[PDB]
There are 6 protein chains.
Amino acid sequence: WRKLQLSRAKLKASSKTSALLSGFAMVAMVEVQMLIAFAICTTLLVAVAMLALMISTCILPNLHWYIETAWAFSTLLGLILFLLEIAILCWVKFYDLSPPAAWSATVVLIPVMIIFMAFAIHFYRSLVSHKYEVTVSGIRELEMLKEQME
Amino acid sequence: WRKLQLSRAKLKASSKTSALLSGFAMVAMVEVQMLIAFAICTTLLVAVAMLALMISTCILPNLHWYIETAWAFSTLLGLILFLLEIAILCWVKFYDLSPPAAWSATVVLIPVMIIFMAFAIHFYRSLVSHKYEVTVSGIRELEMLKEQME
Amino acid sequence: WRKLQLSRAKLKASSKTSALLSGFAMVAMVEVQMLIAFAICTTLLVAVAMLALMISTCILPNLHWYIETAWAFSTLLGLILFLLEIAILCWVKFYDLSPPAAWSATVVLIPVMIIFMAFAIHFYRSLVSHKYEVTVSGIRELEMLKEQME
Amino acid sequence: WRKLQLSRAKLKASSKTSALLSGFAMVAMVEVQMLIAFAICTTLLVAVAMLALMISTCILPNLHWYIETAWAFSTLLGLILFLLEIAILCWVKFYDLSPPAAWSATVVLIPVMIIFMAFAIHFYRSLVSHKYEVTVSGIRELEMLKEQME
Amino acid sequence: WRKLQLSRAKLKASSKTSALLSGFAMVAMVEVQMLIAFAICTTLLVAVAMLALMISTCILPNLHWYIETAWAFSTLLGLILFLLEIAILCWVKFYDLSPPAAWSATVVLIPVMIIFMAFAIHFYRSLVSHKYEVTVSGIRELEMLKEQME
Amino acid sequence: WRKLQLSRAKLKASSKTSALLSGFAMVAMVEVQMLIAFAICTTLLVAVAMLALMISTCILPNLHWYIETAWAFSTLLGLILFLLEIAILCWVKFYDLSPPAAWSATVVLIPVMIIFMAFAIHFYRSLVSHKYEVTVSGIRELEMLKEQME
């Protein structure tokens with residue numbers, strides 16, 4: 001039961017989060033009109049969303065942890081992209097007459113981008129340790145019962 | 001009971017997903033203003049949505065698997081279109097002064113587009129294997145009872 | 001009980017579907033600025049929605065099948081209009097510098113428009129047949145009881 | 001109990017319906033920039049909404065039918081205004097280069113506007129008749145109990 | 001229990017109502033570009049919302065009537081501002097070439113603005129009377145029990 | 001149980017509040033096009049949101065008070081930023097031809113900004129006192145039981 005809920009929380013969370021961001025990016029992209037990177041970041045980011053969306057289409061009809069990875073990865077990947085795209089936008093909006101102000105965007109981006117990925121590693125690190133922590137405590141308890149059994 | 005839920009999940013999911021994307025595409029289309037393809041992709045994509053919408057209008061009043069196909073097909077079909085349309089937009093925004101950057105959009109599109117359709121086949125393949133697999137598991141037991149029966 | 005639910009499903013479904021589409025059409029209409037038809041399609045489409053909206057206002061306070069027709073008709077009518085309006089938009093956005101690409105919009109429109117209305121007839125046809133089908137099967141059963149009754 | 005629900009359905013329905021329409025009208029108004037009427041219709045329509053909004057703020061804390069009238073009136077009044085404003089918009093967006101097409105907007109407006117108000121009268125008429133229809137049937141039943149009482 | 005609900009109804013109601021209006025005002029403000037007043041009204045109105053938002057952040061963690069005042073005041077205060085800002089917008093959109101039409105906006109504003117604040121006083125007035133009305137009826141009943149007690 | 005709810009209320013509240021504000025800021029930023037500060041405020045504000053978003057991604061899978069701080073801090077921090085950004089916008093829209101009207105924005109900003117942060121301290125101050133207030137009342141009750149125990 002806990003398995004389905006985990007996925008469902010992932011199902012709707014991704015769809016709504018992904019669709020609104022892609023639409024906002026598309027609307028802002030047509031308004032203003034590094035140079036080449038802009039076209040790629042936008043198109044690719046959208047795809048990350050599309051797949052997660054379909055995941056929602058196929059999940060209900062139907063290993064559980066495997067598909068789980070697809071969502072956490074795709075969704076988390078996008079977050080980096082959204083902030084990634086905005087950094088470029090400032091470069092696009094200012095890059096013309098405002099280049100001076102534009103630099104502050106990409107430069108300030110590095111401090112936050114690192115913390116975001118770095119924090120993800122720390123949270124994940126503590127988690128793995130627990131997987132091993134439970135494995136040790138679990139076998140120890142089984143020996144206590146097996147020893148008194150004799 | 002499970003039959004109605006499957007459709008309902010399809011009923012609302014399609015409507016909301018379809019209406020927002022079509023509106024965003026229409027808004028961005030009027031802002032910027034391959035050449036001919038742009039007009040077609042937009043208009044057609046909308047239709048895919050419209051039908052699915054009506055499906056919601058007729059389903060509640062009222063074979064179940066048949067209609068089911070219409071939704072999975074129409075919805076999945078649209079996803080390819082949305083990402084399909086954005087690729088063209090970059091070409092519409094850059095195609096003028098930025099043609100160089102525009103190419104990265106359609107090119108990068110191929111890698112993701114293939115994986116999307118390809119993954120769909122794999123998921124479907126595993127599903128079919130089970131449908132038949134079960135058919136074998138069910139009858140097998142029946143023969144067991146039959147032999148012991150007599 | 002089933003009667004109220006059928007209407008309620010119609011009550012909210014129409015309001016949300018109608019209001020968002022009219023607003024999107026109004027926003028895109030002011031951005032770009034067959035010629036005369038454009039003004040009519042937009043204004044009329046909105047009205048179809050407005051009435052359905054009020055239907056929601058008057059229904060709760062308060063023959064059931066009669067009002068039911070108004071919703072199914074108005075809502076379905078709009079779907080044709082939305083796709084109808086977009087076809088014109090392509091003709092409006094392109095009609096200036098892109099007239100060549102514009103034709104593909106209206107032409108491609110015919111294939112989908114027909115299928116939409118045509119499919120509606122088929123679904124409705126099967127429904128009517130069943131209504132009669134049940135009417136015959138029902139009376140036949142009552143005669144079986146009435147005959148053995150003697 | 002039925003009394004509170006009727007109002008609540010009115011409470012949220014008005015707020016959401018009113019706020020989104022006013023914002024859309026304000027956004028489109030600044031984009032394009034009968035002549036004088038435009039400014040009035042927009043500002044006034046908003047007010048109709050604002051009051052209804054506050055009605056929601058004061059209702060929860062705290063004759064019931066009296067306040068009820070304020071909502072039905074304000075909300076219904078707005079619907080006429082929204083379609084009213086769009087008619088003017090076409091006159092504003094086309095009034096420049098497209099004056100010819102503009103006329104089709106106001107003219108086509110008359111057919112729907114009449115039906116909207118006319119239909120409201122019919123629905124209300126049937127309602128009043130029932131109120132009296134029940135008053136007659138009710139007293140009749142009481143006399144049946146009073147007569148057999150003797 | 002009734003205390004928490006009253007606040008919660010206030011918690012979400014304010015956040016959604018405030019955030020959407022501020023964003024719409026900001027979007028329309030950048031599109032057009034009394035003169036000085038415009039900048040102030042917009043910035044200040046936003047603040048009124050921000051505080052109410054935080055109120056939602058601090059309320060859940062944790063006198064009840066005191067905080068209650070902050071919401072009713074801030075929210076109601078904003079309503080006047082929104083209609084206030086729109087009156088200025090008409091003056092901003094028309095103030096250039098359309099000054100004549102602009103006047104109708106601010107002038108027509110006075111009639112509705114007064115009724116809004118005036119009606120608020122009346123509703124509040126009747127409320128204060130009841131508070132006292134209950135205080136009198138309550139003590140009277142307690143004496144009835146205390147008298148027969150002897 | 002109360003622990004999970006507190007976080008959940010924080011989970012969705014932050015995501016919706018953060019995503020809409022960042023999109024509105026991005027849309028308005030591209031429309032108009034202190035000078036350098038504008039680029040930074042926008043980019044940084046977004047980051048504050050992104051992290052909070054991920055917090056929602058990692059919380060469900062899995063000390064409680066620690067993570068709690070991250071949300072209250074990030075969310076509250078943003079509020080100051082949103083109003084902060086708008087102050088700059090007025091300076092961006094007016095800063096060109098309207099510099100005079102622009103000053104009223106930043107100046108008026110100080111009065112509200114202080115109250116916002118100042119009020120936060122007061123609410124927090126009363127809270128801390130209670131933490132100590134309970135600590136004293138609690139130990140006192142335990143002694144009452146321990147004393148009569150002898």
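Structure determination for this PDB entry is given in the record as X-ray crystallography, at a resolution of 6.706 Å.

## Here's the deal with the overall build of chain A
Per the secondary structure count, chain A includes four helices and zero strands. Shown N-terminal to C-terminal, the secondary structure of chain A runs as helices and strands in the order α-α-α-α. Radius of gyration (C-alpha) of chain A: 22 Å, far over the 15 Å computed for a compact globule of 150 residues. Viewed in the frame of its principal axes, chain A has a C-alpha envelope of about 85 × 40 × 20 Å.

## Some words on the packing of helix 1 (residues 2-32) of chain F against helix 2 (residues 35-59) of chain F
Residue and element names in this part refer to chain F. At a minimum axis distance of 9 Å, the contact between helix 1 and helix 2 shows a crossing angle of 150 degrees. The angle between helix 1 and helix 2 places the two elements in the roughly antiparallel class. Regarding helix 1 and helix 2, the two cross each other, and that crossing is left-handed. The segment helix 1 lies against helix 2, with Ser 7, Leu 11, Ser 14, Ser 15, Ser 18, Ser 22 and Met 29 engaging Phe 38, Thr 42, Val 46, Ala 49, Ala 52, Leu 53, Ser 56 and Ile 59. Of the residues that constitute the contact of helix 1 with helix 2, the class distribution is eight nonpolar, seven polar and no charged.

## Some thoughts on the interface of chain F and chain A
The interface is formed by 23 residues belonging to chain F together with 22 residues belonging to chain A. Elements supplying a minimum of two residues to the side of chain F that touches chain A: helix 1 and helix 2 of chain F. The element that contributes the greatest number of residues to the side of chain F that touches chain A is helix 2 of chain F, accounting for 15 residues. Class assignment of the residues belonging to the side of chain F that touches chain A gives a composition of 17 nonpolar, five polar and one charged.

## Comments concerning helix 4 (residues 99-149) of chain F
Taking 1.5 Å of rise per residue, the 51 residues of helix 4 of chain F would be expected to cover 75 Å, and the 77 Å separating its terminal C-alpha atoms lies within 8% of that figure. Contacts from the buried residues of helix 4 of chain F go to helix 2 (35-59) of chain E together with helix 3 (64-94) of chain F.

## Looking at the relation of the copies chain B and chain C
Two copies of one chain are present, and they are related through a rotation about an axis combined with an axial shift. Under the fitted operation, chain B is carried onto chain C by 0.1 Å of movement along the axis and a turn of 59 degrees, and the coordinates agree to an RMSD of 0.3 Å. This pairing of chains is accounted for by a six-fold axis. Scanning chain B for the C-alpha nearest the rotation axis identifies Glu 31 of chain B, at a separation of 7.0 Å.

## Some points on the relation of the copies chain F and chain A
Superposing chain F onto chain A requires a rotation of 60 degrees together with a translation of 0.6 Å along the rotation axis, leaving an RMSD of 0.3 Å. Mapped onto chain A, only 4% of the interface residues of chain F are again interface residues, and the two copies thus contact each other with different surfaces.

## A short note on a nonpolar patch on the surface
A surface patch of nonpolar side chains, about 410 Å² in accessible area, is lined by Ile 80, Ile 110, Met 113, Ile 114 and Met 117 of chain D. In terms of residue count, helix 4 (residues 99-149) of chain D provides more of the nonpolar patch than any other element does, four residues in total.

## Describing the interface of chain B and chain C
Reports often express the size of an interface as the amount of accessible area lost when the parts come together. With 24 residues of chain B at the interface, the matching set in chain C holds 24 residues. Every element with two or more residues in the side of chain B that touches chain C is listed here: helix 1 (2-32) and helix 2 (35-59) of chain B. Here the element with the most residues in the side of chain B that touches chain C is helix 2 of chain B; it accounts for 16 residues. A breakdown of the residues in the side of chain B that touches chain C according to their chemical character gives 17 nonpolar, six polar and one charged.

## A word on the packing of helix 3 (residues 64-94) of chain D against helix 4 of chain D
Residues and elements named next belong to chain D. At their nearest, the axes of helix 3 and helix 4 sit 7 Å apart, and the two run at 165 degrees to each other. With respect to each other, helix 3 and helix 4 are oriented roughly antiparallel. Once helix 3 is placed against helix 4, the crossing between them reads as right-handed. From helix 3, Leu 76, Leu 79, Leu 83, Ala 87, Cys 90, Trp 91 and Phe 94 reach across to helix 4, where they touch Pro 99, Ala 102, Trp 103, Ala 105, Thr 106, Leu 109, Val 112 and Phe 116. Within the contact of helix 3 with helix 4, the residues separate by chemical class into 14 nonpolar, one polar and no charged.

## Quick look at the arrangement of the chains
At the level of C-alpha atoms, the two units chain A and chain C stay apart, their nearest approach being 11 Å. In this structure chain A stays clear of chain D, and the shortest span between their C-alpha atoms is 13 Å.

## What to know about the packing of aromatic side chains
Taken as a whole and judged by the stated rule, the model has 14 aromatic pairs over all chains. When the ring of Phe 38 of chain D is compared with that of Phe 94 of chain E, the centres are 6.1 Å apart and the planes differ by 80 degrees; the resulting orientation is edge-to-face. Of this pair, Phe 38 of chain D sits in helix 2 (residues 35-59) while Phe 94 of chain E is found in the loop between helix 3 (64-93) and helix 4 (99-149), placing the two residues in two different chains. Put simply, the rings of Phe 24 of chain D, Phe 24 of chain E together with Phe 24 of chain F touch in pairs and so form one group of aromatic residues.

## Focus on the pattern of salt bridges
Note that side chains of opposite charge can pair when their charged atoms are close. Residues and elements named next belong to chain B. Considering all chains together, one arrives at six salt bridges over all chains under this definition. Across the salt bridge formed by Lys 146 and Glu 150, the nearest N and O atoms sit 3.0 Å from each other. What makes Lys 146 partly exposed here is its relative accessible area of 48%. Given a relative accessible area of 74%, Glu 150 falls into the exposed group.

## Regarding the side chain of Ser 7 of chain E
Structurally, the position occupied by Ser 7 of chain E is in helix 1 (residues 2-32). Excluding residues within four positions of it along the chain, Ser 7 of chain E makes contact with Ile 59, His 64 and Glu 68 of chain E.

## Remarks on the side chain of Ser 56 of chain B
All names here are of chain B. Assignment of secondary structure puts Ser 56 in helix 2. In this structure the side chain of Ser 56 is engaged in a polar contact, spanning 3.2 Å, whose partner is the backbone oxygen of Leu 11. Ignoring any residue separated from it by four or fewer positions in sequence, one finds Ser 56 in contact with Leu 11 and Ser 15.

## So, the environment of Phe 94 of chain D
When its relative accessible area of 14% is taken as the criterion, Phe 94 of chain D is described as buried. Sequence separation of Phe 94 of chain D and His 130 of chain D is 36 residues, and the distance between their C-alpha atoms is 48 Å.

## Re the environment of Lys 146 of chain D
Residue and element names in this part refer to chain D. Along the polypeptide, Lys 146 turns up in helix 4. Residue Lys 146 is classed as exposed on the basis of its relative accessible area, which comes to 52%. Sequence separation between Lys 146 and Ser 98 is 48 residues; the distance between their C-alpha atoms is 74 Å. Among the polar contacts made by the side chain of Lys 146, one reaches the side chain of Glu 150 at a distance of 3.4 Å.

## Observations regarding the state of the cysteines
Here the structure, examined in full by the defined rule, presents zero disulfides over all chains. You can see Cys 90 of chain D has no disulfide; the closest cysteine sulfur is in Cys 41 of chain C, sitting 11 Å from it. With a relative accessible area of 1%, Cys 90 of chain D lands in the buried category.

## Things to note about helix 4 (residues 99-149) of chain A
At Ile 110 of chain A, helix 4 of chain A shows its largest kink, close to 30 degrees, and the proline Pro 111 of chain A lies no more than four residues downstream. Within the span of helix 4 of chain A, buried status applies to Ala 101, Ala 102, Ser 104, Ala 105, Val 108, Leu 109, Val 112 and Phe 116 of chain A. Elements that come into contact with the buried residues of helix 4 of chain A comprise helix 3 (64-94) of chain A together with helix 2 of chain F.

Scoring rules and cut-offs
- Residues numbered from 1 in each chain as written, not as in the entry; some residues may be left out.
- Chains lettered and ligands numbered in written order.
- Heavy atoms only, no water.
- Residues with missing side-chain atoms left out of burial classes, pairs and counts.
- Helix = DSSP H or I, 4+ residues; strand = E, 2+ residues; numbered from the N terminus.
- Rg over C-alpha atoms; globule rule 2.2 N^0.38 Å.
- Axes fitted to C-alpha atoms, helices over the stretch in contact; angles between N-to-C directions.
- Parallel < 35°, antiparallel > 145°, perpendicular 65-115°, else oblique.
- Left-handed = near helix turned anticlockwise from the far one by under 90°.
- Contact = heavy atoms within 4.5 Å.
- Nonpolar A, V, L, I, M, F, W, Y, C, P; charged D, E, K, R; others polar.
- Expected span 1.5 Å × (residues − 1).
- Least-squares fit on C-alpha atoms.
- Patch = residues over 30% accessible without salt bridge, like charges linked within 9 Å, V, L, I, M, F, W, Y side chains within 5 Å.
- Areas by Shrake-Rupley, 256 points an atom, 1.4 Å probe, with all protein chains shown as cover.
- Salt bridge = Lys/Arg side-chain N within 4 Å of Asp/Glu carboxyl O.
- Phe/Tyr/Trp six-rings, centres within 6.5 Å; stacked < 30°, edge-to-face > 60°.
- Buried < 20%, exposed > 50% of the residue type's maximum accessible area, 1.4 Å probe, protein only.
- Polar contact = N/O pair within 3.5 Å; in protein donor to acceptor, adjacent residues only side chain to side chain.
- Disulfide = S-S within 2.5 Å.
- Bend = angle between axes of the 7 residues up to and from the residue.

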